[PDB]
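Undergrad: Pasting a structure below so you can have a look.
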There are 12 protein chains.
Amino acid sequence: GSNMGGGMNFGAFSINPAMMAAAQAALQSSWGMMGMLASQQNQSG
Amino acid sequence: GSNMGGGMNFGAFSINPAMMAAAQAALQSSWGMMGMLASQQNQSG
Amino acid sequence: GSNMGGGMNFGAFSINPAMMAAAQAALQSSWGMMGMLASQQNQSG
Amino acid sequence: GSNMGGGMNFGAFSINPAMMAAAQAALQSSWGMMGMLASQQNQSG
Amino acid sequence: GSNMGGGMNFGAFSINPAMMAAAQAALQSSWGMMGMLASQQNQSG
Amino acid sequence: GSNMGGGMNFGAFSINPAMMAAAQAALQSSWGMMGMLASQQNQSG
Amino acid sequence: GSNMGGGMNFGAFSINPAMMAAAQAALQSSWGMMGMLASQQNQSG
Amino acid sequence: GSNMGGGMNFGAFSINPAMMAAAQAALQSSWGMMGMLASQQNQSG
Amino acid sequence: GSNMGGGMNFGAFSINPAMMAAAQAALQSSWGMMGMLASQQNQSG
Amino acid sequence: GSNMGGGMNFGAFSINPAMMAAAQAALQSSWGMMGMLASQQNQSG
Amino acid sequence: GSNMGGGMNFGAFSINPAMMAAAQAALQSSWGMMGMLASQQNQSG
Amino acid sequence: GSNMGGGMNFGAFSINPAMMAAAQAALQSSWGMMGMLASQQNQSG
């Protein structure tokens, strides 16, 4: 069980994420004002 | 079970994400004002 | 079970995501004001 | 089970996503004000 | 089971997505104000 | 069980995260004003 | 010379004005979303 | 010379003005979302 | 010469003005979201 | 020459003005979110 | 020459002005979020 | 020549002004978040 309060952002967020990855499983998620991500990267041997 | 509060953003978000990946499974998700992502990248051997 | 609150964005989001990927499975999703994505990239050996 | 609240965006979103991919399976989805995508890219050996 | 709330966008979204792909299966979907896409790209060996 | 209070940010957050990873499982998530992420990267041998 | 800008009202205005007057000249004008009134009630002795 | 800027009101204005007057000249004007009134009540002795 | 800037009001204004007057000239103007009034009540002796 | 800047009000203004007057000239103006009034009540002896 | 800057009010202003007057000229103006008033009550003997 | 800077008020102003006057000229102006008033009450003998 999880919960988050609500917030207000007046400023302008200039985000410039730059990502690189190399794996058996890879997920790369960039988001702006609000987001939630639940990623289950299952693996065996 | 998950929950998120509601927020208000007056500023203009100029986002410029740049991503590169190399994997057996790859997902790359960029989004603006609001989003949710549940990605199950299942794998065996 | 997941839940998200509602938000209001007055600013104009100029997004310029640029993505590159190389995998057995690849998904690349860019979206503007609101979105949800549930991607199950199943894999065997 | 998933749920999303409703939001209002006054600003004009100029999005310019640019994507490139190379995989056994590839999906590339760009959308504007609202969207949902559930992509199951099944794979065997 | 999935659900989405309703939103209102006053701004004019000038979208210019540009996509390129090379795969055994390829789907590329660009849309404006509202959309949903469920793509099952099945694969064997 | 988790809970978070609500906050207000007047300043404009210019974030420039730059990330690189190399693993059997890799997740890299950059976000702006608000987010939550629960990632279970399961592994066997 | 007079001038007015244009506005947008999403809310539903339930107005219930109740007026009573007793004069040599009487005008009573109730209006909803938009209006202009120029009433010259001239009088002598 | 007069000038007014344009505004947007999301809330629902429930107005209930109640007015009573007794004069040689009487004007009573109730209005909702937008209005202008120029009333010249001229008088002599 | 007069000038006014433009504003946005999210809240719902419940106004309940109640007015009573007794004069040689009387004007009573109640309005909701936006208005301008220029009333010249001229008088002699 | 006069000038006013533009403002944003999130709160809901419940106004309840109550006014009473007795004069040779009387004007009573109640307004909600925005207004301007220029009243010249001219008088002689 | 006059000038005013622009401000933002998050709180809900519950105003309850109550006014009474008795004069040769009387003006009584109550307003909510923003206003300007220039009243010239001219008088002779 | 006059000038004012812009301010932000998070608190909810509950104002309850109560005024009474008796004069040859009377003006009584109550306002909420922002206002300007230039009243010239001219008089002779």
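The chains in the structure tokens are called A, B, ... from first to last as shown; in each chain the residues are counted from 1, and the ligands are counted from 1 in the order shown.
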If we count only C-alpha atoms and set the cut-off at 10 Å, which residues sit around range 21-23 of chain L, ignoring sequence neighbours fewer than 4 positions away in its own chain? Please answer as a list in words.
TA: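 The contact residues come out as residues 21, 22 and 23 of chain J; 19, 20, 21, 22, 23, 24, 25 and 26 of chain K; 27 and 28 of chain L.
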Undergrad: Skipping near chain neighbours, those fewer than 5 positions away, what residues fall within 10 Å of residue 14 in chain L using only C-alpha atoms, listed as a PyMOL selection string?
TA: (chain J and resi 13-15) or (chain K and resi 11-16) or (chain L and resi 32)
Undergrad: Identify, on the basis of only C-alpha atoms, every residue whose closest approach to residue 40 in chain K does not exceed 10 Å; exclude the query and any residue fewer than 4 positions from it along the same chain; express the result as a compact mmCIF listing (two decimals) with N, CA and C atoms, in the first residue's frame.
TA:
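Dumped to out07.txt:
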# COMPACT_ATOMS: atom_id res chain seq x y z
N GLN I 40 -22.81 58.58 -14.85
CA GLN I 40 -22.75 60.03 -14.57
C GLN I 40 -24.13 60.44 -14.06
N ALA J 38 -16.06 54.13 -12.99
CA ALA J 38 -15.74 55.58 -12.96
C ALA J 38 -17.07 56.32 -12.86
N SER J 39 -17.46 56.76 -11.66
CA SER J 39 -18.76 57.43 -11.43
C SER J 39 -18.54 58.91 -11.14
N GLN J 40 -19.03 59.81 -11.99
CA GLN J 40 -18.95 61.26 -11.73
C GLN J 40 -20.32 61.72 -11.24
N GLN J 41 -20.51 61.87 -9.93
CA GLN J 41 -21.78 62.37 -9.34
C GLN J 41 -21.67 63.90 -9.24
N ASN J 42 -22.03 64.61 -10.32
CA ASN J 42 -21.93 66.09 -10.39
C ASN J 42 -22.98 66.69 -9.47
N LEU L 27 -17.51 58.78 0.33
CA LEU L 27 -17.15 57.61 -0.52
C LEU L 27 -16.73 56.54 0.47
N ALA L 38 -8.73 56.33 -7.01
CA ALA L 38 -8.35 57.76 -7.03
C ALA L 38 -9.64 58.57 -6.98
N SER L 39 -10.01 59.08 -5.81
CA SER L 39 -11.29 59.81 -5.61
C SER L 39 -11.00 61.29 -5.38
N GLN L 40 -11.44 62.17 -6.27
CA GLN L 40 -11.29 63.63 -6.07
C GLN L 40 -12.65 64.17 -5.62
N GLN L 41 -12.84 64.38 -4.31
CA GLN L 41 -14.09 64.97 -3.76
C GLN L 41 -13.92 66.49 -3.72
N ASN L 42 -14.23 67.17 -4.83
CA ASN L 42 -14.06 68.64 -4.95
C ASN L 42 -15.10 69.33 -4.07
Undergrad: Counting only C-alpha atoms, what is within 6 Å of residue 35 in chain K, bar same-chain residues fewer than 2 positions away, as a JSON list (two decimals) with C-alpha atoms, in the first residue's frame?
TA:
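Listing of part00.json after writing:
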[["chain", "number", "residue", "atom", "x", "y", "z"],
["J", 34, "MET", "CA", -12.88, 41.78, -11.74],
["J", 35, "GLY", "CA", -14.32, 45.27, -12.25],
["J", 36, "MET", "CA", -13.68, 48.98, -12.93],
["L", 35, "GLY", "CA", -7.41, 47.44, -5.90]]
Undergrad: Name all residues at most 6 Å from residue 4 in chain J (count only C-alpha atoms; drop same-chain ones fewer than 4 positions away) and give them as a list in words.
TA: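 Contacts, with the query itself left out: residues 4 and 5 of chain I; 3 and 4 of chain K.
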Undergrad: Can you pull out every residue from chain G that DSSP, working from the backbone, puts in strand (DSSP E), and format the result as a list in words?
TA: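 After running DSSP on the backbone, chain G has strand (DSSP E) at residues 8, 9, 18, 19, 20, 21, 22, 23, 24, 25, 26, 27, 28, 29, 30, 31, 34, 35, 36 and 37 of chain G.
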Undergrad: Please produce an output containing C-alpha atoms for each residue in the selection, written as a CSV table (one decimal), in the first residue's frame.
TA:
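Once everything was written out, this is selection-v4.csv:
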chain,number,residue,atom,x,y,z
G,8,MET,CA,-14.4,31.9,-21.0
G,9,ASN,CA,-16.6,30.7,-18.0
G,18,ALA,CA,-34.6,39.7,-6.7
G,19,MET,CA,-35.2,43.5,-7.2
G,20,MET,CA,-37.8,46.1,-6.0
G,21,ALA,CA,-37.9,49.8,-7.0
G,22,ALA,CA,-40.2,52.9,-6.7
G,23,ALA,CA,-39.2,56.0,-8.7
G,24,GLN,CA,-40.4,58.6,-11.3
G,25,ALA,CA,-38.3,56.5,-13.8
G,26,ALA,CA,-37.4,52.8,-13.1
G,27,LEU,CA,-35.3,50.3,-15.2
G,28,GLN,CA,-34.4,46.8,-13.8
G,29,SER,CA,-32.2,44.6,-16.1
G,30,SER,CA,-31.1,41.0,-15.1
G,31,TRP,CA,-28.9,39.1,-17.7
G,34,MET,CA,-22.9,38.5,-21.5
G,35,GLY,CA,-24.6,41.9,-21.8
G,36,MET,CA,-24.3,45.7,-22.3
G,37,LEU,CA,-26.9,48.3,-21.2
Undergrad: Figure out the distance between CA of residue 17 in chain D and CA of residue 33 in chain E, please, to one decimal in Å.
TA: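 Computed distance, CA of residue 33 in chain E to CA of residue 17 in chain D, equals 15.9 Å.
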Undergrad: Do you have the CA of residue 7 in chain K-CA of residue 2 in chain L distance handy?
TA: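 Going from CA of residue 7 in chain K over to CA of residue 2 in chain L, I get 17.2 Å.
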